[PDB]
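Colleague: build me a structure from this.
(3 chains)
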Amino acid sequence: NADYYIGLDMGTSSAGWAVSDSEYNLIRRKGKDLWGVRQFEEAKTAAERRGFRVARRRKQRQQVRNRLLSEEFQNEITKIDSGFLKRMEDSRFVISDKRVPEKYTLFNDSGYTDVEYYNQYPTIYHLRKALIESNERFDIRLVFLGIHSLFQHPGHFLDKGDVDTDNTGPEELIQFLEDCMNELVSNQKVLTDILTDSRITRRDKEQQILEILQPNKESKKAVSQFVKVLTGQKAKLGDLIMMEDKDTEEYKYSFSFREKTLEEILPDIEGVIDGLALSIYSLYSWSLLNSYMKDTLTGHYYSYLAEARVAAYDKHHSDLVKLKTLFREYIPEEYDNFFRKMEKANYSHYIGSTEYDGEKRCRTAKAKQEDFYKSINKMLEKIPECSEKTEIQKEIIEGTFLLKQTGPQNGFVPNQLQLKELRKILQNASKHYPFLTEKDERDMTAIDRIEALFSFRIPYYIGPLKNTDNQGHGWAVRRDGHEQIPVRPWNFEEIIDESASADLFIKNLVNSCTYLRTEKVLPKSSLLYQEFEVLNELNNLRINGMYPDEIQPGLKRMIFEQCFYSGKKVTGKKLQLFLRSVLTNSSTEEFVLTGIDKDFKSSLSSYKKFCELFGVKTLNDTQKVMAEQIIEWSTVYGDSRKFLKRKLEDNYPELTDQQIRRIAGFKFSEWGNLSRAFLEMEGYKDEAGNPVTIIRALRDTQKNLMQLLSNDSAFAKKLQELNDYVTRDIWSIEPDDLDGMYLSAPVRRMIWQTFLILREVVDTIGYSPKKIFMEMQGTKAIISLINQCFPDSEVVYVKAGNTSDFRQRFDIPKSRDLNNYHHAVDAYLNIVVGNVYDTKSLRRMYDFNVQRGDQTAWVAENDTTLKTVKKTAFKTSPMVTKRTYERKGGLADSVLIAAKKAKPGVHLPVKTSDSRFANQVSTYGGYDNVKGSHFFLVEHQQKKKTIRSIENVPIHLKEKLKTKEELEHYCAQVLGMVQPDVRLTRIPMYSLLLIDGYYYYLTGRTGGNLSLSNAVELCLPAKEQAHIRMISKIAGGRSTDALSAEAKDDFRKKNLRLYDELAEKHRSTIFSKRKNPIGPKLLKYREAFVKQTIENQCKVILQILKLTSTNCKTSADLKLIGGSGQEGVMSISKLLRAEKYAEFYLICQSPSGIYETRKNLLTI
RNA sequence: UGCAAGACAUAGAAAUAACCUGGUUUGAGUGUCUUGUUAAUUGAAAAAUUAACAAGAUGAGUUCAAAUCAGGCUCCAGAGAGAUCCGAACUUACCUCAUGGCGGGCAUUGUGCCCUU
DNA sequence: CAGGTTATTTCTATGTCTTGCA
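Modeller: Residues are numbered from 1 along each chain as shown, chains lettered A, B, ... in the order given. Shown next is the protein structure:
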């Protein structure tokens, strides 16, 4: 019937809506003015969830790896000890709780117990040194524990190299790498020292090496490239081997050991180079692996990492004895408080172990290194300066004092070093135990499989192997006929189709076209797409204000043919040269180029590349399809060239090996933004009868993509026909529609709540809005939704500053600290400003009448409409509705608290299905801060009196507690309640509760009491709002220095009157009905309020205002006046009796606020 | 002037993976000497060791194991076995299951009021 | 419950050369 507009202001925390007519007076239905504010907490990103998910998947893979290793050692372990694995698996439990009653986790056997196993080998790194540097037949358990530690500390997996390169020493390697060919030994110490010094970067190493080797003549560039290969940079072959025809591509290949390994670079250079593949040869790997394992004591690098961290252990012992000597003298008193007491940041805290006198070991959290160093420095202050004190302080500054072995600093260990250690362990133990040599069906050897499990890391493209379709996060495509069989190393290629899995990964990631939303996009390097870019750029190119083909027909074709076939970057000067060459006429050649930025940003690189690939000049259709598929495979597979090589060999047999090598050397990286079908869509028939396409239209005519998609173009009609438009029902937008467009979670919640308000308003009103005014990233998402549900409505974008200019110029103050109405006033102002600006200096636009056609927007005469907006601007009508949500999050803290601190019931046990951790939280610790999801109202009997209680449902029990019977059972057993009768099964967090005539927001729980926040917005006149704005500005960092004495007096008096108004609002108005009012405390504390200075007065005013706001916990820091920082807190007992409470209502509010149900908790 | 489609450059982020260092809890790495009290086996008694306490003194210390959201999935019962992936993100007013209802209306400075169920 | 690394894709600001709509 009538015509109405809806205005919308979205914020990450609040969403405000308003509805108006052409006269800017609000539509009101159900007797309620249709404008309000919906608040919701800022949504949380999936970063923490993703981190925890990858962490738990990593843990699961570690578990299966350890189980496999245990199964491989099980036969010999059981031969020597029946239950070693069970003792390993029952390490947490006390002696009684173990499956078998024993005392210590490892080496239970009599004689060789744990107490002297740790005496023989103080650490694991003492055992591994013994394993790799000895031949004596070791117990299978010792080898198992060494390999177990190696598995539990794998290493970087970031470097490329070979383990065996460390067997040959630096001297022998230098001898083998000194003048290998006919085109160093003396300086075999400084070079190695520079190479193995991690302090200097690669560039510094290269500069020092070039400075110190003093290269011979005629090899300066060759020696520079050799140094680049040595330290590791992208260096071409070039003069390394010195062929004359350097211009050839085979001798211009660039390779760096950082980007690729030797076995991967070799195929790219096999056959091309002379000799037995030759120039650094397996000496950079030695430098990388031996850089970390230096000693700086004898100058000789350690062979294996276990040889280090034993010398570090000895250095720790020497430093500890030095500090003990330095402490026993000069400080006989703080000996007990530092080396035995479990105080803060001392040695016992640095380790987490102490034994004062006979008492049990006190194991606590390990103190950080920084705190321990600070404590050592503080306790060294009492010691007068001496040699030992200076040396200790120098070591502390150097950071190599009292070092531990396992810590945050162990991130430098490469997997190759640990692999070498494992290989040595397995070779030493292989000469005695024969089970480590026996073969398998797949020709394994019981040693190669352990190494495989050590080294097999699932590639990033494969992702998780199994998916039960509970949620879509796996791509691993399994071979036909291969299912329900576990994925391990040595059968990854036989179970997961790696090529198909990578293809699925890339096509799932890649996005759809910007014009055809159902078909996927072409690779950027694809011939069609590159030709599209070049043709577009030629179309935009204009010469002296004329079209490129307007100068003479065939100019654009000539440029596309004879200027781009080279495939290189076409610059402006090259185009000028071509224009001079091809144009016989036009002697003057000062042709000004417009439409390009002096360089053609696109070039037919792929066309030329495939032209040299096939030798022919111009490709045909079959060769074009061949090249298109080759480019698609190279782009999808990317850095993994093995997939491309396999596809080429199994699909295109006519290609030669040199051609395959050339294909593998191409650089096809990124994806485009236009689909394949969009470029070849059949816009119309031509005169000859052949089809025309968008790409062919660019080729022939003089137009770009946007011109080809004009309103009258046949391509536009074909686009509308192909992109079928369905006006989906307003009531069919599930919140998964906005899950495709790449939006952050806060924006997603913004969009969903705002659209819910829109849907409720439109349904209630009856018909779609004529205009929907909205602010100017994620807002565009709702645009789509509007265009998917309300085709008639047109969105009138409003500038961000226009509304604020209206507020300042026409005197409508906004009070961001007072109440939440400013969102609704912002939406209504969006309506009134956007309507005027859509109808039409910037201020002058509001100085006269604005009217277009039959619709009148602004009437300056008598300010009639203006009066209306002002009468609406200050109205306290808006509805404030907080989102009622179940508190989704964690079950409890992710880190277990100590047993001596945990208490039963309040703390979640470690594992509530074992009957061991559940009833023994005081012994095995537990999880703290067990959060709850939602509240429920249950009627029970206490002291033979019928009373009702609101109680919590914890998050870890939400799924099993959503019906009346289940909640009754939960109250009956877990909460120890007699005769429960659950009356309300869902009271979400942040819900409107009417208690004793005052509105509350149920926002948590503190033990036996439930916590509430203020739900009544406080309204004050305009002058008070301006004063509060000044208060907020001054309390933010401004000063009173510029203010005059009269200004100070006026500020003091107006502050006093604002305080009086606030005090009265807490006494005579609704705020007096709150539980534990602050009015008496406001009046009692008023005496000291005047004596306070201006700035602290502003602070206490803002803190007082914090009591009457719905966006913060009701608490004030009135310490500047004399009260505590928790003044005016609201919390009421969870027991609802019939005496203390007059009306205990729950106001279930619809998201728009139009619909609401009041449930009487007392008598439901 | 806004919107948004194409190309380049400069700064970024986020979503999925893969991995590392770990961190937390628990448990293991026998603590040892003197003094006295208490309780034991003796012993008229003396004395005697043993064991738990309350003081004083002294030695060692670097590591390992298990989990690492509660849980969930499958199989035939349980302080199990399989799998190594689902679980900390987005969505949830209320009523009884439809593109339903959540009454007809007046205010909006203190949570009300008229007219019918 | 914190600090790092690797890969892919997408998105966002700003500037540059164009083009079309409301």
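
Colleague: just the helices in the stretch 201-350 of chain A please.
Modeller: A:202-213, A:220-231, A:262-269, A:284-290, A:311-328, A:336-339, A:347-351 (DSSP state H, counting those that start in this stretch).

Colleague: need these in CSV (columns: mean neighbour count and distance to residue A:497).
Modeller: Where C-beta positions appear, they are placed from N, C-alpha and C, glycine not excepted. Converted to CSV, the helices of the stretch 201-350 of chain A look like this (neighbours: other CB atoms under 10 Å; distance: least, CB to CB, whole Å):
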stretch, mean neighbour count, distance to residue A:497
helix A:202-213, 15, 39
helix A:220-231, 19, 37
helix A:262-269, 15, 22
helix A:284-290, 22, 33
helix A:311-328, 14, 46
helix A:336-339, 15, 61
helix A:347-351, 19, 50
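
Colleague: so where's the longest helix in chain A?
Modeller: Scanning chain A for the helix with the most residues, using DSSP state H, yields helix A:47-80.

Colleague: what comes up buried for it?
Modeller: Buried residues in helix A:47-80, counted by 16 or more other CB atoms under 10 Å: A:65-66, A:68-70, A:72-73, A:76-77.

Colleague: what about the residue in the stretch 501-650 of chain A that RNA strand B sits nearest to, how many neighbours?
Modeller: Nearest residue of the stretch 501-650 of chain A to RNA strand B (CB to the nearest atom of the strand) works out as residue A:601 at 3.2 Å. Residue A:601 has 11 neighbours, counted by other CB atoms under 10 Å.

Colleague: any idea how far residue A:530 is from it?
Modeller: From residue A:601 over to residue A:530 the distance is 11 Å, taken as CB to CB, to the nearest Å.

Colleague: same deal with residue A:129?
Modeller: Distance of residue A:129 to residue A:530, computed by CB to CB: 59 Å.

Colleague: part of a helix, is residue A:428?
Modeller: Yes - counting by DSSP: H, G, I helix; E, B strand; the rest coil, residue A:428 falls inside a helix.

Colleague: how does chain A divide up, domain by domain?
Modeller: Residue ranges for the domains of chain A, per automatic domain parsing: A:4-45+A:727-882, A:47-80+A:121-156+A:414-455, A:163-290, A:311-404, A:521-709, A:892-930, A:1016-1133.

Colleague: tell me which of those domains sits nearest to residue A:115.
Modeller: domain A:47-80+A:121-156+A:414-455 (12.4 Å; CB to CB).

Colleague: how far is stretch A:513-526 from where the chain is centred?
Modeller: Distance of stretch A:513-526 from the chain centroid (CA atoms, centre = their mean, to the nearest Å) equals 27 Å.

Colleague: and what of stretch A:337-344?
Modeller: Centre to centre, stretch against its chain (CA atoms, centre = their mean), the figure for stretch A:337-344 is 40 Å.

Colleague: also stretch A:6-20?
Modeller: 29 Å.

Colleague: ok, now stretch A:199-214?
Modeller: For stretch A:199-214, the distance from its own C-alpha centre to the chain's C-alpha centre is 38 Å (CA atoms, centre = their mean).

Colleague: which residue packs closest to residue A:676, ignoring adjacent ones?
Modeller: When the adjacent residues along the chain are set aside, residue A:676 lies closest to residue A:522, with 5.1 Å between them (CB to CB, 6 or more residues apart in numbering).

Colleague: hang on, the one you found is in a strand, isn't it?
Modeller: Yes - with three-state DSSP as the criterion, residue A:522 is located in a strand.

Colleague: can you name the residues that contact it?
Modeller: Contacts for residue A:522 (CB atoms under 8 Å, 6 or more residues apart in numbering) come out as A:528-529, A:671-672, A:674-676, A:679.

Colleague: when you check RNA strand B, which of the residues you listed turn up near it?
Modeller: Checking the contacts of residue A:522 against RNA strand B by CB under 7 Å from any atom of the strand, the ones in range are A:672, A:674.

Colleague: out of the contacts of residue A:522, name the ones that lie in helices.
Modeller: Of the contacts of residue A:522, the ones assigned to helices by DSSP H are A:528-529, A:676, A:679.

Colleague: so what does residue A:995 look like in phi/psi?
Modeller: Note on residue A:995: backbone dihedrals following degrees, to the nearest 10 are phi -120, psi 120.

Colleague: pretty sure it sits against residue A:1133.
Modeller: No - Residue A:995 is beyond contact range of residue A:1133, at 11.3 Å (criterion: CB atoms under 8 Å).

Colleague: which of these two has more neighbours?
Modeller: Neighbour totals were compared for residue A:995 and residue A:1133, and residue A:995 leads with 23 against 13 (other CB under 10 Å).

Colleague: quick check: bridge partners of the more buried one?
Modeller: residue A:998, residue A:1144 (DSSP bridges).

Colleague: ok, it - contacts?
Modeller: Residue A:995 is in contact with A:1012, A:1075, A:1132, A:1141, A:1143-1145, counting by CB under 8 Å, 6+ apart.

Colleague: what about the helices in the stretch 451-600 of chain A?
Modeller: For the stretch 451-600 of chain A, the helices defined by DSSP H, counting those that start in this stretch cover A:492-495, A:498-509, A:527-540, A:555-562, A:572-582.

Colleague: can you tell me which of these is most buried?
Modeller: Of all those, helix A:527-540 has the most neighbours on average by mean count of other CB atoms under 10 Å, namely a mean of 20.

Colleague: name the helices or strands packed onto it?
Modeller: Identification of packing neighbours for helix A:527-540 by 3 or more CB pairs under 8 Å, 6 or more residues apart in numbering; DSSP states H and E yields strand A:521-523, helix A:555-562, helix A:605-614, helix A:621-637, strand A:671-675, helix A:676-679, helix A:694-700, helix A:705-708.

Colleague: no more questions from me, cheers.
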